[PDB]
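Report on the structure given below.
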Number of protein chains: 2
Amino acid sequence: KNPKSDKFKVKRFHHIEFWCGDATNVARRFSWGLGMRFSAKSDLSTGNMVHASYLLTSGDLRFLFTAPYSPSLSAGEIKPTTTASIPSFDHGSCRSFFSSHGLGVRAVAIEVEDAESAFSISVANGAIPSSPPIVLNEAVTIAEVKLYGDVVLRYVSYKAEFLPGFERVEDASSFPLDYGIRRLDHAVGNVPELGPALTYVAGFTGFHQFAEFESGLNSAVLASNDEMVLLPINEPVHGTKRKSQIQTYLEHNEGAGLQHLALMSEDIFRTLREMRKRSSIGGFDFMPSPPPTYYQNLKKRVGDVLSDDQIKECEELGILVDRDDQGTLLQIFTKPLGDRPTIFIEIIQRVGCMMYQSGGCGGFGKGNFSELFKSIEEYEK
Amino acid sequence: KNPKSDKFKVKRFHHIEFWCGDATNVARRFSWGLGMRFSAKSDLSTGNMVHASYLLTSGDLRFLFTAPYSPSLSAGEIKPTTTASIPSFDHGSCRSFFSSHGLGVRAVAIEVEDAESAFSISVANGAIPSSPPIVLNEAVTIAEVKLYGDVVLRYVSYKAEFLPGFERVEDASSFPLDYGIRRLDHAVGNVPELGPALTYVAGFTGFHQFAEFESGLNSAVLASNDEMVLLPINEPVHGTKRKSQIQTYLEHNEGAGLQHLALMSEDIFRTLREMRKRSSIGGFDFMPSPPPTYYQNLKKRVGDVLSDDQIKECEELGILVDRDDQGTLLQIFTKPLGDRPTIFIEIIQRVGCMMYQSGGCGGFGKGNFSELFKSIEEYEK
Ligand SMILES: Cc1c(C(=O)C2=C(O)CCCC2=O)ccc2c1c(=O)n(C1CCCC1)c(=O)n2C
Ligand SMILES: Cc1c(C(=O)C2=C(O)CCCC2=O)ccc2c1c(=O)n(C1CCCC1)c(=O)n2C
Ligand SMILES: [Co+2]
Ligand SMILES: [Co+2]
């Protein structure tokens, strides 16, 4: 059931912005580890005396890495005279974010028809304003409201390449890496209390609950009208035997924030081959693979979707598989992206639900919690 | 002339410690870019609730990357009960350093015979104390005094693998990268006033001035008894036509600090081939190469040390060449290592002065300032 209750017209995920202490080193690590090309910049070389911002792209996926310069470089500026390319940026906010949370996502940006209207309707329906709408070079409008913790939901609308004041990256500096990643599938927040978090966000967006089909969490998924913007939210379940990874997150992050980004691949096998080749030479590590009993149970569950060879290739790469009513999900999780046990990445591919592929095809893999546990216990046997 | 006036027994450079906001991403970038292996760690997985510290090694070169965790993880600890592996670490100091200076060197560590004695003699002769001597697991002693800006000189002495509380890195996580870098040759500070900086450091170390043989700087080099610990210092020269790069550093760094680290290679040609292959895929960029007139002038200057083929290979890789009374220097400089135009790396190889090779063989390349300018002007012609 999809009531299509969006309070304003939402298109797709636009970008994800990380707040960093040094954007250069994070961006270069991410570029090599995920196979994303350097595509635009806004920094001292482009006249930005306020913040260094580097944009990485893979297909439609846009990752932005931003860090502050010394405030002394821009001490004479005022907001009307700023050289910042992101007018919502604030030195104090950024340093406070990073010192509190460490490396993580500051903004989940979605493209909308009219960012000024989206902001107004949002705050009229309970959204806490973060940065008012600002028109950039009469071409692009940006606005921000609070989403959860210190994460903002950023609205971007275009009248008619990233943002004004960003420059395309020199082709010699721009190596065309590509491991198959194509777009952001979903972005997930961890909160202490799920109910109030959902009521707030669904309240100002009109996003609806996306239907699902002991592991330390309860969760729900908010979705836009065509279910292409997907925002799951987790809360911890306390008092278990094994401590909730949601609770660990909240402790090490100093509260609510973004837990994982799920990146859709056009060929998860190639993506995982390429990423795993680089794990020990500057790229990303992956969670420990399931025991072979997990793959020795996959035939009974998805043998009508994947061949035995394609199942064996899942075993080689540690890929997980889940299935809902309409489709199948291949997924795998990285280890945390930085020093703290907080944000990580999920790589996914969805099979089925053709009409274009409909959003959320195959679900989000919550069945893989019990299947992983089951396979682990029976592998011990 | 070498008076051998060291006030205590100094051995060699031991390590360089960077203070970071996220040690993981910086360390992984540096590992891939410079061909350094992950060799030890101290972090949550080793029981350190205070700071994440990752050690990279190439030959004798040791780079340490440290970042703070949330103070909340260790709020119940006191110094007698700390889980930090580096007892001089302080959350507030580290966050203040990084917010002020961005990514950079906090500690230049040298190995000494007796770190307690080195500290005492140093402060008795004018050194400003930073962290008092602390004995670690009855095995290693660490002490720190101020060097310049917020950079400390760290003394380390061993009674008899990095430091207690650090664990060797898992062989699967430890890929044996190596591009030929073997040791730290020198570490250079930028200061507003050279005279007082030299008087201070030479005052408490007994280091002597190392003899040399319009570019925006004056400099001098302090050296230990066998001239294997080398600490150059630069000051800006104001009122020029082209603004001093030393002054730019001081502005963007918010004052004095470490300008460059010079890393000796056993084969600078292989090192530069390997590093340049990775510049656009997560590694380090290099300064723009000299015009071919520079190499079309090299035969007249070093044709008795390098063959025409080895000179052509310098041209391919952008290597600079200089010569003093006793030896020859091959050198090249990276672009800044992070967001700000502050710290960079120099790769060097020294030819000559065999007795072992004596320290500083070939000098530091200050002649390459005029040779670069000359070649540039005559290339225009
Ligand atoms: C995060 C996640 C998802 C997921 O993506 C998801 C949403 O997208 C939306 C709803 C909630 C929800 O869980 C699915 C399966 C998972 C994990 C996951 O984190 N772990 C962690 C153990 C320690 C680190 C990995 C697992 O073992 N399994 C099997
Ligand atoms: C830093 C350096 C050295 C050097 O290492 C040195 C000391 O070790 C000790 C004494 C002072 C001293 O200069 C030698 C030659 C150099 C440079 C250098 O920074 N540049 C910069 C232009 C813009 C970025 C590169 C150059 O062009 N040349 C030729
Ligand atoms: Co997910
Ligand atoms: Co040098």
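Counting convention: from 1, in listed order, for ligands and their atoms alike. Here is how names work: the chains are called A, B, and so on, in the same order as the sequence lines, proteins then strands, and each is numbered from 1.
Contacts between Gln245(A) and ligand 1, counted as non-hydrogen atom pairs separated by less than 4.0 Å, are absent for every part of the residue. For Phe333(A), every heavy-atom contact with ligand 1 shorter than 4.0 Å involves the side chain, none the backbone.
Where the criterion is an N or O separation shorter than 3.5 Å, residue side chain and backbone included, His186(A) meets it with respect to ligand 1.
Separation of atoms NE2 (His14(A)) and CG (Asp60(A)) is listed at 10.0 Å; rounding is to 0.5 Å.
For an aromatic pair to be called close, the ring centres must be under 6.0 Å apart, and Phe18(A) with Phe63(A) satisfies this.
Partners of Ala107(B) according to the side-chain contact (heavy atoms from CB on, under 4.5 Å) rule, which considers only residues two or more places apart in sequence or in another chain, are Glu17(B), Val152(B), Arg154(B).
Within the structure, the closest approach of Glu371(A) to ligand 1 does not fall below 4.0 Å when heavy atoms are considered.
When atom types are taken as modelled, the side chain of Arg183(B) and the backbone of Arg12(B) share no donor-acceptor pair closer than 3.5 angstrom. Panel note: side chain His186(B), backbone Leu231(B); no donor-acceptor pair is recorded below 3.5 Å. Listed for the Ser279(A) side chain is a donor-acceptor partner under 3.5 Å among the backbone atoms of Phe284(A). Between the side chain of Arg323(A) and the backbone N or O of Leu329(A), no donor-acceptor pair lies under 3.5 Å.
The side-chain tip of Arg276(B) does not point at the ring of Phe269(B) from less than 6.0 angstrom away and within 45° of straight on. Cation-pi geometry between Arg350(A) and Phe364(A) is met: the NZ or CZ atom falls under 6.0 Å from the ring centre, inside 45° of the normal.
Annotation: atom 11 (C) of ligand 1 to nearest protein heavy atom, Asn234(A) OD1, 3.3 Å. Here the protein heavy atom with the shortest distance to atom 10 (C) of ligand 1 is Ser219(A) OG, 3.4 Å. For atom 13 (O) of ligand 1, the closest heavy atom belonging to the protein is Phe369(A) CE1, 3.5 Å. In this structure, atom 7 (C) of ligand 1 lies nearest to the protein heavy atom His260(A) CE1, 3.7 Å. Looking from atom 19 (O) of ligand 1 to the surrounding protein, the closest heavy atom is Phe344(A) CZ, 3.5 Å. Here the heavy atom of the protein found nearest to atom 27 (O) of ligand 1 is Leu372(A) CD2, 3.7 Å. The protein heavy-atom contact nearest to atom 24 (C) of ligand 1 is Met287(A) CE, 3.6 Å.
Between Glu251(A) and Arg340(A) no salt bridge is recorded (no basic side-chain N to carboxylate O distance below 4.0 Å). For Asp322(B) and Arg301(B), the salt-bridge test passes: some basic side-chain N is under 4.0 Å from an acidic carboxylate O.
The shortest distance between side-chain heavy atoms of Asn234(B) and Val188(B) falls below 4.5 Å. Using a 4.5 Å heavy-atom cutoff, the side chains of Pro236(A) and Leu250(A) are in contact.
Side-chain atoms of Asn190(B) and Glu235(B) include no donor-acceptor pair closer than 3.5 Å.
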Steps toward side chain to side chain contact (heavy atoms under 4.5 Å, CB included) verdict (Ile16(B), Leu184(B)): CA-CA 9 Å; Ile16(B) 295 294; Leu184(B) 183 64; 3.8 Å; yes
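Nearest residue to atom 12 (C) of ligand 1 from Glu346(A), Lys366(A), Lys335(A) is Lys366(A) (criterion: closest heavy atom). When the heavy-atom distances from atom 9 (C) of ligand 1 to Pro232(A), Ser215(A), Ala187(A) are ranked, the shortest goes to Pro232(A).
Distance remark: protein heavy atom present below 4.0 angstrom from atom 15 (C) of ligand 1. Under the 4.0 angstrom criterion, atom 21 (C) of ligand 1 counts as lacking any protein heavy-atom contact.
Against a heavy-atom cut-off of under 4.0 Å, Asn368(A) is close to the following atoms of ligand 1: 29 (C). Listed by number with element, the atoms of ligand 1 under 4.0 angstrom from any heavy atom of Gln331(A) are 14 (C), 15 (C). Listed by number with element, the atoms of ligand 1 under 4.0 Å from a non-hydrogen atom of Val188(A) are 8 (O).
For a distance threshold of 2.8 Å, the protein N, O or S atoms nearer than that to the Co ion (ligand 3), listed by chain and number, are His186(A) NE2, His260(A) NE2, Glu346(A) OE1.
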